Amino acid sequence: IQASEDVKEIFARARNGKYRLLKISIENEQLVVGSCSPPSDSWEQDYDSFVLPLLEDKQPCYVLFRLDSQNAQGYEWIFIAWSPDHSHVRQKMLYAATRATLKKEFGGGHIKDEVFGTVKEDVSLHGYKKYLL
């Protein structure tokens, strides 16, 4: 499973700062962009407004969220792996096994934090803050 070049173009636009976040899903053995949004305010404000509405109750997905800070390679990102317990086991397995693949395709050096969650609280802004602790 990999990201097509159409997807990698979106990845570049996102890391360029054009998007605040990207929702990535696995569809037919392919990593696809399921949603995206340009930045509006500071990252904290954008996190509250954009992250939670993307999470399905019985379907895993990944959410790459762009912070305002940068490292030697550009903006830093939060890699959110959403895997609800009400999800099908096959889907749970597929997303967990393909997570490292998406990371490589996106550029591991751009990932600052990696968060996992099975309930919305785990990946809410509060959840991220507690994770950082």
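Position 1 is the first residue in the sequence shown; the rest follow in order.
For the pair 52 to 60 and 98 to 106, the record assigns the higher mean C-alpha temperature factor to 52 to 60. When 26 to 34 is weighed against 61 to 69, 26 to 34 comes out higher, by mean CA B-factor as recorded in the entry. Take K112, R13, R20, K120 and read off each C-alpha B-factor from the entry; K120 has the highest. Among the modelled residues of its chain, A3 has a C-alpha B-factor that falls in the middle third according to the deposited record.
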